[PDB]
Asks: 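Questions regarding the structure given below will be posed in turn.
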Amino acid sequence: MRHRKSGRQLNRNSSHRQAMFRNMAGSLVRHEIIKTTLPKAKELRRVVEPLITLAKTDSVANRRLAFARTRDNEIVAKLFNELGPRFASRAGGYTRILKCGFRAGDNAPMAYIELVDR
Amino acid sequence: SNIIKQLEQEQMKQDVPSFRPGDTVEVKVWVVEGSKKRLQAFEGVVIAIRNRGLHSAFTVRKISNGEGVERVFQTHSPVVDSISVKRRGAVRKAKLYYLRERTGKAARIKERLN
Amino acid sequence: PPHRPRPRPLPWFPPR
Amino acid sequence: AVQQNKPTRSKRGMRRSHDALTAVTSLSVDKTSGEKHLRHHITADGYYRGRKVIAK
Amino acid sequence: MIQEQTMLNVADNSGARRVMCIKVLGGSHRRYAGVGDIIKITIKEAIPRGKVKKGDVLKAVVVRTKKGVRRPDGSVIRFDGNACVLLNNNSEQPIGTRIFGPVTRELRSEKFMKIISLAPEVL
Amino acid sequence: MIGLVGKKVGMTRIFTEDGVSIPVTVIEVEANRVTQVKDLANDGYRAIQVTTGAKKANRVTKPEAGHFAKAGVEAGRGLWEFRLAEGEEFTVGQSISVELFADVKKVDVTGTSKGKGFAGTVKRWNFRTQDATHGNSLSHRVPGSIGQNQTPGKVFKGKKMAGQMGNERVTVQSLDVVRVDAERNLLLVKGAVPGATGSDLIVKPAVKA
RNA sequence: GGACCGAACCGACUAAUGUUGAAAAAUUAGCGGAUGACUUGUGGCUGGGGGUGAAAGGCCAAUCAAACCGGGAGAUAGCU
RNA sequence: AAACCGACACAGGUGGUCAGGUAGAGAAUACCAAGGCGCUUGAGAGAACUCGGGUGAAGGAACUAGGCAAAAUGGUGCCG
RNA sequence: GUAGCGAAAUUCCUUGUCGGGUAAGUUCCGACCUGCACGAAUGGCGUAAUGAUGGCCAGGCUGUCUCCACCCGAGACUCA
RNA sequence: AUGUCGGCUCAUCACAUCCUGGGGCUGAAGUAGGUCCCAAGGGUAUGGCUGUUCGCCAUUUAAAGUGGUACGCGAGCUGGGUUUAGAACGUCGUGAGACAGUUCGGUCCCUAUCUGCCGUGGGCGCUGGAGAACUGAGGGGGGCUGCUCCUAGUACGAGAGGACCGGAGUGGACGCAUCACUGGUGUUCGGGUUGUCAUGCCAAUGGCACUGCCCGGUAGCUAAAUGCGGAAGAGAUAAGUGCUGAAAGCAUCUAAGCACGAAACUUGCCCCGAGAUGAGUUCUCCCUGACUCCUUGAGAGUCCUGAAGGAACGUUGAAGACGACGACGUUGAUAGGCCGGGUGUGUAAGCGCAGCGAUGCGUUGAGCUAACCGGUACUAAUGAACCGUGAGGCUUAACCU
Ligand SMILES: [K+]
Ligand SMILES: [K+]
Ligand SMILES: [K+]
Ligand SMILES: [K+]
Ligand SMILES: [K+]
Ligand SMILES: [K+]
Ligand SMILES: [K+]
Ligand SMILES: [K+]
Ligand SMILES: [K+]
Ligand SMILES: [K+]
Ligand SMILES: [K+]
Ligand SMILES: [K+]
Ligand SMILES: [K+]
Ligand SMILES: [K+]
Ligand SMILES: [K+]
Ligand SMILES: [K+]
Ligand SMILES: [K+]
Ligand SMILES: [K+]
Ligand SMILES: [K+]
Ligand SMILES: [K+]
Ligand SMILES: [K+]
Ligand SMILES: [K+]
Ligand SMILES: [Mg+2]
Ligand SMILES: [Mg+2]
Ligand SMILES: [Mg+2]
Ligand SMILES: [Mg+2]
Ligand SMILES: [Mg+2]
Ligand SMILES: [Mg+2]
Ligand SMILES: [Mg+2]
Ligand SMILES: [Mg+2]
Ligand SMILES: [Mg+2]
Ligand SMILES: [Mg+2]
Ligand SMILES: [Mg+2]
Ligand SMILES: [Mg+2]
Ligand SMILES: [Mg+2]
Ligand SMILES: [Mg+2]
Ligand SMILES: [Mg+2]
Ligand SMILES: [Mg+2]
Ligand SMILES: [Mg+2]
Ligand SMILES: [Mg+2]
Ligand SMILES: [Mg+2]
Ligand SMILES: [Mg+2]
Ligand SMILES: [Mg+2]
Ligand SMILES: [Mg+2]
Ligand SMILES: [Mg+2]
Ligand SMILES: [Mg+2]
Ligand SMILES: [Mg+2]
Ligand SMILES: [Mg+2]
Ligand SMILES: [Mg+2]
Ligand SMILES: [Mg+2]
Ligand SMILES: [Mg+2]
Ligand SMILES: [Mg+2]
Ligand SMILES: [Mg+2]
Ligand SMILES: [Mg+2]
Ligand SMILES: [Mg+2]
Ligand SMILES: [Mg+2]
Ligand SMILES: [Mg+2]
Ligand SMILES: [Mg+2]
Ligand SMILES: [Mg+2]
Ligand SMILES: [Mg+2]
Ligand SMILES: [Mg+2]
Ligand SMILES: [Mg+2]
Ligand SMILES: [Mg+2]
Ligand SMILES: [Mg+2]
Ligand SMILES: [Mg+2]
Ligand SMILES: [Mg+2]
Ligand SMILES: [Mg+2]
Ligand SMILES: [Mg+2]
Ligand SMILES: [Mg+2]
Ligand SMILES: [Mg+2]
Ligand SMILES: [Mg+2]
Ligand SMILES: [Mg+2]
Ligand SMILES: [Mg+2]
Ligand SMILES: [Mg+2]
Ligand SMILES: [Mg+2]
Ligand SMILES: [Mg+2]
Ligand SMILES: [Mg+2]
Ligand SMILES: [Mg+2]
Ligand SMILES: [Mg+2]
Ligand SMILES: [Mg+2]
Ligand SMILES: [Mg+2]
Ligand SMILES: [Mg+2]
């Protein structure tokens, strides 16, 4: 049973999952659109959207929290200098998922996830 | 949730004093020995608090007649007549279960001087 | 009493 | 555990009576590009619900 | 929550120091004895010149448990250790004349009123 | 005697002045509206059909809408029947409130139990596990023997085995009515009842009593 | 110092796994010896009723109460 | 060692040399360097059950052929 | 058939009998001698140290168990 | 090649009944027994010793029943005993070796085709189609019992002791549900801390070391937690007890007739259930075109039409292996985010002050906070299209025209 439980395991252990979403969140912030599997995209929203929320309120503490969760100064600098301001007057929903076909190698359902103002 | 919130709120005591883990409290509880109601005091260190509205509880530990005793009180129960903080303790942790493996000098809690 | 020995293995032979 | 008797071609076919694929019920048509696409998926040319949403 | 093999302290001056539960009385396949329940015990450790001897088999009433007792409002009373009071095997009356440490109101009955009366504290 | 349909709101406790905590399930019982009356002449048995709650009109199909329309009641979230005792009488369109239970001391409550999915014999049937150690080979929670030998050379029907558990109709009998609040549309019953929070409950006066 | 604890190295006491194996003997966790009657490389010698054996009928190319290959040979088979 | 011995691009076997940093008695062990790799099916799901693990109220060998397995102990200095 | 040892890696009867240990001990320890069928280099009796050796007891410890619960991974399940 | 003792797991039947239920007789005053009859609904120890089954012993229990099922159950587990190879003792034998014996050690394979069983779907049927609510043939589950108190120290009895019948309470074991409480878990939450590597460095953080090791802990799941259950009643009976009553002027429970009578039986309680092909009932909804041909009929074909509803797809769920089931799809709170709260942790970072410094104090119950609660269209749930048709056979009756 998994009644009322949140979070996808994605056939990884917790440390791998966390590392992967840290990487993927970095990718999305850098490129503003990435292609990944549909379940990964759905999970990624729960990681990136809080980052953008954090970046709205610029402070040393918030920049350090963001750094703790991304471990990339280029990503932090972009969150606080570009994306935070860009989304200042948007109440959540910073991303959209667009479904797009199946991967050749393994027939995985694929999706684009992008920042909504891209 | 409004339904259960309302049912709960109407039963909650409004006169619960503030206390924290590590405080020494005296709890007065009603005891019914047949017909005669009377208050019995239980004084000890608060080692845990469960904040949960009507379902709030706190655990008080004492050493009584050579024996460690813990009582978990249901905060909003009518059985509990009154709570009074006799001493304010200085601790870091929310839950002081580590006191169960301590006696005497080791089990002493510093006073919270403010 | 027991009417059978406890099972044992066979020696390897070139299979095909 | 293994069969004591060879199953028939008849039984083989009966087991496979549930193996048939379903054709995609209906494809959708993008209102702008006119391309066919899976419903709720972007077209091959990067259109969705009339709007050009991705390059390539 | 006492079962067969559980070791108990003795809350009386019968002379026993440690006793072991060898039977939870009062039903087929009865698993546990809590406060107020009668158990059969064997004495594992006794003082030199007590009323009871090492190896004696008698009854006891459980008066304190680590698992503790629930009260009607949902509150709980837990003790740091398990303790019992030795009883005569036939009469089921206490052997000792003094009770040590607190006991609970679960004993308040005609059967164990002597324990209540002798106890230094009742919770 | 007829029952009412309600919704499991959740559990809480009532403290009594004499210092007892009564665990209660809170059952929300909105007006049950009679949609149909069945009689011997037409149906061969006496019963009322009731609806409760509400339903968005666009989710009400035309066959369902017509049924509510004939009664002249708003569409509810479902329909439930209650058999009538010989004394009882009801009319189509009539509302029945939780005041029905004003003088009722004990109720039966019927619900759908929580769904545990495919459950093993240990969970479903309280089978005992085999040894964790002492040489056990891959057979810790497995069911053990399921029959005899050549006689009878089959497994008997009703053999307890792994399978779907819960997500089925369950009745709990003879629960105390702690409180009936007509104004808040609440029934408080002592103790737990089947189902998750939010699930439909049928509440009837206790049959045993 | 056929001394002690303990890696490499040499072993193989227990358990689980594996048993159409990852493996025709292993893996994982523990385990014994670890300056010696130690261990290991290269080359050499001993040959089948023969060798070699701190001896288990052990080992002698995944084969051992008599190796393997070829021959007597289509042995013989009151048996299937 | 995917190129050698193992029928395989096989969790096995294979003699010699070199051996950095921090912690450490250490060639143990942890994290790193030089350097090298992610093990040639993937994607989901989050049932029973199996495998490998983590934690557990009260009890504490009552388990069992048997404390099998697990848990536990674990260092240095001084006293003893 | 001596010394020594003896219900024993030997005792059938046999769970012998007595004592100790346990609430309860066909095992264990100490005895007795009625040695079915010990016994003096195919050695007798003792024996500190040693043992992945056999038996028994205790403390500690624990999911071994009362009686299982939950969780993390690998499979199972679905798709290619 | 039909694997063998015992254990474990899981059972199932018989009744020659261990307990509980009903009854006759008693050398049955009472209590408590003895014995026989009826009765198979449910129930029917844990340990010590031993490979044991058994047995003895300890301590329980209402009771610790007797048997059948390949001495039930190794393609379910174990492998202690017993049938391999090593070794030794006693004994027998010149010996190899052997045993009315003993002793230490010693590989348990199988991915389930069919039957069966537990679950869960797909097809078609049920005679126009569709959405619901039902009836209930039939099937299954359940059915144990202690102690105390009252009746009453009454009946009984010289006393000692000590009831029936009836009523109330509280337990044990078992079952169902549930998570309000008490707790467990909680590698998705907070914190402490060892070693090391990194982010230029400080400060602050992150990786790795079993989640590095730990301390707490939300939701969920859950038991040790806490609610509920076994029934009453009814019908027909067993053994048994009778009433009236002849055959047989009497007598006689029986032949006619009538009445009682048990956990057994049939119901009553709970669940499944119309594939109940004997395919049932009720309520509601939908469809009211044209034409052609043929071997002329429940015929075929073309055009037009496409309903009710369904399915697909998408967002999903205390539903779930997959199917299925439930919610929702902008006329929208279905999921995510966001806002507020709650909860948990326990006073962040930065700065200032004190201190030689470790650190302390203030700002500060701070900061962070998963699965929870309440809001909120910010993101994603598309205009469509697909399936499903176009008034539903014959015969006979009755009622209408
Ligand atoms: K050589
Ligand atoms: K030869
Ligand atoms: K060869
Ligand atoms: K290579
Ligand atoms: K799955
Ligand atoms: K002797
Ligand atoms: K002898
Ligand atoms: K000799
Ligand atoms: K000698
Ligand atoms: K040895
Ligand atoms: K049987
Ligand atoms: K019976
Ligand atoms: K057999
Ligand atoms: K078989
Ligand atoms: K098997
Ligand atoms: K068959
Ligand atoms: K709970
Ligand atoms: K919890
Ligand atoms: K670190
Ligand atoms: K039908
Ligand atoms: K939302
Ligand atoms: K806080
Ligand atoms: Mg959710
Ligand atoms: Mg996978
Ligand atoms: Mg890690
Ligand atoms: Mg055959
Ligand atoms: Mg198939
Ligand atoms: Mg479920
Ligand atoms: Mg068991
Ligand atoms: Mg095996
Ligand atoms: Mg296992
Ligand atoms: Mg047959
Ligand atoms: Mg040495
Ligand atoms: Mg060797
Ligand atoms: Mg090893
Ligand atoms: Mg060594
Ligand atoms: Mg030999
Ligand atoms: Mg060889
Ligand atoms: Mg020869
Ligand atoms: Mg010849
Ligand atoms: Mg020939
Ligand atoms: Mg490879
Ligand atoms: Mg290799
Ligand atoms: Mg080597
Ligand atoms: Mg190393
Ligand atoms: Mg490098
Ligand atoms: Mg798993
Ligand atoms: Mg553990
Ligand atoms: Mg525990
Ligand atoms: Mg504990
Ligand atoms: Mg202990
Ligand atoms: Mg034992
Ligand atoms: Mg046992
Ligand atoms: Mg061990
Ligand atoms: Mg360990
Ligand atoms: Mg003896
Ligand atoms: Mg003796
Ligand atoms: Mg013992
Ligand atoms: Mg002896
Ligand atoms: Mg001799
Ligand atoms: Mg001589
Ligand atoms: Mg000699
Ligand atoms: Mg010798
Ligand atoms: Mg496949
Ligand atoms: Mg009979
Ligand atoms: Mg019955
Ligand atoms: Mg058998
Ligand atoms: Mg097997
Ligand atoms: Mg079998
Ligand atoms: Mg031999
Ligand atoms: Mg029935
Ligand atoms: Mg039945
Ligand atoms: Mg809760
Ligand atoms: Mg907790
Ligand atoms: Mg934890
Ligand atoms: Mg650096
Ligand atoms: Mg620093
Ligand atoms: Mg690293
Ligand atoms: Mg590393
Ligand atoms: Mg009964
Ligand atoms: Mg708070
Ligand atoms: Mg911090």
Side-chain angles (χ1 to χ4, degrees), chain A residues 1-7 9 13-14 37 39 45 49 60-61 64 67-68 71 90-93 95-97 105-108 116, chain B residues 1 55 92 94-95, chain C residues 1-5 7 12, chain D residues 1 3 7 18 25-26 31 39-40 49, chain E residues 1 3-6 22-23 26-30 40 42 57 66-67 70 74 76, chain F residues 11-13 21 23 36 43 45 49 58 61-64 66-67 79 81 113-115 117-120 128 130 132-139 141-146 148-151 154-156 159 161-164 167 169-174 190-192 194 196 207:
Chain A
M1 286 164 280
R2 57 151 289 294
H3 294 172
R4 310 282 274 188
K5 292 191 180 180
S6 287
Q9 186 195 322
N13 63 47
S14 180
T37 66
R45 296 178 298 180
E49 294 195 358
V60 166
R64 284 182 183 186
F67 184 64
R71 296 308 298 191
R90 183 177 287 262
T95 58
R96 64 155 63 70
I97 297 173
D106 59 6
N107 196 51
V116 291
Chain B
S1 70
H55 307 309
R92 304 296 294 280
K95 304 285 187 290
Chain C
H3 67 101
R4 292 177 94 247
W12 185 96
Chain D
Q3 63 199 25
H18 300 282
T25 297
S26 59
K31 67 188 183 182
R39 202 163 181 72
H40 301 101
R49 296 179 64 181
Chain E
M1 191 166 170
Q3 65 182 253
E4 294 178 52
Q5 301 298 308
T6 301
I22 65 170
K23 196 69 66 181
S28 176
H29 295 97
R30 182 172 185 169
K40 196 82 179 201
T42 175
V57 172
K66 289 190 89 296
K67 198 65 160 61
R70 306 281 309 260
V76 199
Chain F
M11 289 194 67
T12 189
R13 73 209 293 180
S21 179
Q36 189 174 357
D43 294 279
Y45 72 102
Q49 192 188 70
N58 74 339
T61 61
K62 287 188 61 58
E64 298 169 2
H67 183 74
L79 299 169
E81 287 198 8
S113 59
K114 282 184 153 176
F118 198 122
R128 301 169 183 102
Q130 298 179 51
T133 64
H134 294 292
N136 181 299
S137 301
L138 313 183
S139 305
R141 289 176 82 83
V142 304
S145 180
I146 69 176
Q148 293 80 43
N149 199 318
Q150 167 164 189
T151 301
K154 66 180 175 175
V155 177
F156 293 131
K159 181 72 190 71
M161 293 189 143
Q164 174 63 36
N167 196 35
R169 184 187 178 105
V170 179
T171 294
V172 179
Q173 291 191 307
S174 307
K190 176 182 176 188
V207 64

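A note on names: the letters A, B, ... follow the listed sequences, proteins ahead of strands, and every chain is numbered from 1. Because only heavy atoms are used, hydrogens play no part in the values below, and waters and symmetry mates are left out as well, while side chains stay in.
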Asks: Less than 3.5 Å between a donor and an acceptor, one on the side chain of A:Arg45 and one on the base of J:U379, is that the case here?
Replies: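 Such a pair does not exist between side chain and base.
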Asks: Stacked or not: do J:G323 and J:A324 have six-ring centres under 5.5 Å apart and planes under 30°?
Replies: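 Ring centres under 5.5 Å and planes under 30°, so yes.
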Asks: Distance criterion of 3.5 Å, no angle test: do you see the side chain of F:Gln150 paired donor-to-acceptor with the base of J:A70?
Replies: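 Answer yes: a donor N or O sits under 3.5 Å from an acceptor.
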Asks: Distance between the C1' atoms of H:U40 and H:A9, in whole angstroms?
Replies: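 Rounded to whole Å, the distance is 9 Å.
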Asks: I:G73 phosphate, OP1 or OP2: any side-chain N/O from A:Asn13 under 4.0 angstrom?
Replies: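 No, no such contact exists.
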Asks: Taking 5.5 Å and 30° as the limits, would you call F:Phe118 and the base of H:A47 a stacked pair?
Replies: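 Check failed, F:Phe118 does not stack on base of H:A47.
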Asks: According to a 3.5 Å cut-off on both distances, are G:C45 and J:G153 Watson-Crick or G-U wobble paired?
Replies: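 No, G:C45 does not pair with J:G153.
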Asks: Would you say the side chain of E:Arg70 and the base of J:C181 hold a donor-acceptor pair, judged only by whether the two atoms sit under 3.5 Å apart?
Replies: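 Indeed, a donor on one side and an acceptor on the other fall under 3.5 Å apart.
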Asks: If you only use heavy atoms from C-beta on, which nucleotide in J:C228, G:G18, J:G227 is closest to the side chain of F:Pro23?
Replies: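 Output: J:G227.
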Asks: Checking understanding here: a glycosidic angle within 90° of 0 is syn, the rest anti, so what is J:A264?
Replies: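 Classified anti.
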Asks: Do the side chain of E:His29 and the base of J:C174 come within less than 3.5 angstrom through a donor-acceptor pair of N or O atoms?
Replies: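 Donor-acceptor pair under 3.5 Å: no.
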Asks: Please state whether the base of J:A308 and the side chain of F:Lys62 form at least one donor-acceptor pair under 3.5 Å?
Replies: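 Answer no: no donor N or O sits under 3.5 Å from an acceptor.
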Asks: We want to know whether A:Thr95 and A:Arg45 form a side-chain donor-acceptor pair, criterion being a heavy-atom distance below 3.5 angstrom.
Replies: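 A:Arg45 and A:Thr95 do not have a side-chain donor-acceptor pair below 3.5 Å.
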Asks: Please determine whether any donor N or O and acceptor N or O are separated by less than 3.5 Å between the side chain of F:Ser21 and the base of J:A180.
Replies: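 Per atom types, no contact qualifies.
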Asks: Can you tell me if F:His134 is stacked onto the base of H:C68, using a 5.5 Å centroid cut-off and an angle below 30°?
Replies: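 Stacking between F:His134 and H:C68: present.
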Asks: Using a 4.0 Å heavy-atom cut-off, does E:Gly27 contact any base of the nucleic acid, only the sugar-phosphate backbone, or nothing at all?
Replies: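 Since only primed, P, OP1 and OP2 atoms lie under 4.0 Å of E:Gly27, the category is sugar-phosphate.
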Asks: Let's test your reading of the model: under 3.5 Å, does the base of J:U60 pair with the side chain of E:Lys23 as donor and acceptor?
Replies: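 Between J:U60 and E:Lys23, which were checked side chain against base, a qualifying N/O pair under 3.5 Å is absent.
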Asks: Given the structure, is G:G58 a Watson-Crick or G-U wobble partner of G:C4 (both distances under 3.5 Å)?
Replies: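 Pairing fails for G:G58 and G:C4, missing the Watson-Crick or G-U definition.
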Asks: Inspect the six-membered rings of J:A274 and J:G275 and say whether their centres lie under 5.5 Å apart and their planes under 30° apart.
Replies: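 The answer, once centre distance and plane angle are checked, is that they do not stack.
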Asks: When you match A:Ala108 and F:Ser139 each to their closest nucleotide on RNA chain H, which lands nearer the 5' end?
Replies: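 Final value for this comparison: A:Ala108.
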Asks: Look at the side chain of A:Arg64 against the base of J:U205 and say whether a donor-acceptor pair falls under 3.5 Å; ignore hydrogens and angles.
Replies: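 Flag unset: no donor-acceptor pair detected.
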Asks: For J:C356, does the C1'-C2'-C3'-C4' torsion put the sugar north or south?
Replies: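 North (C3'-endo side).
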Asks: Return yes if the base of J:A132 and the side-chain atoms of F:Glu64 contain a donor-acceptor N/O pair under 3.5 Å, otherwise no.
Replies: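 Between J:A132 and F:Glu64, which were checked side chain against base, a qualifying N/O pair under 3.5 Å is absent.
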Asks: Identify, between F:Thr133 and A:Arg2, the residue whose nearest nucleotide on RNA chain H lies closer to the 5' end.
Replies: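 Between the two, 5'-proximity favours A:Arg2.
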Asks: Mind checking if F:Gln130 touches a base, just sugar-phosphate, or nothing, with heavy atoms under 4.0 Å?
Replies: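 Base contact.
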Asks: So what does A:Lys5 touch, heavy atoms closer than 4.0 Å: a base, only the sugar-phosphate, or nothing?
Replies: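 If one applies the 4.0 Å heavy-atom cut-off, A:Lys5 turns out to touch a base.
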Asks: Would you confirm whether the neighbouring bases I:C67 and I:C68 count as stacked, given the thresholds of 5.5 angstrom between ring centres and 30 degrees between planes?
Replies: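 By the ring-centre and plane-angle rule, I:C67 does not stack on I:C68.
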Asks: Do F:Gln148 and J:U12 have a side chain to base donor-acceptor pair shorter than 3.5 Å?
Replies: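 In this structure, the two groups form no donor-acceptor pair.
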Asks: When you measure from the side chain of F:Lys190, which nucleotide among J:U9, J:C228, J:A63 comes out closest?
Replies: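 Of the candidates, J:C228 comes closest.
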Asks: So F:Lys159, base contact, sugar-phosphate only, or nothing? Heavy-atom distance under 4.0 Å.
Replies: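 It contacts sugar-phosphate atoms only.
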Asks: Does J:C325 have a Watson-Crick or wobble mate here (both distances under 3.5 Å), and if so which one?
Replies: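 Pairing partner, where one exists within any strand: J:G317.
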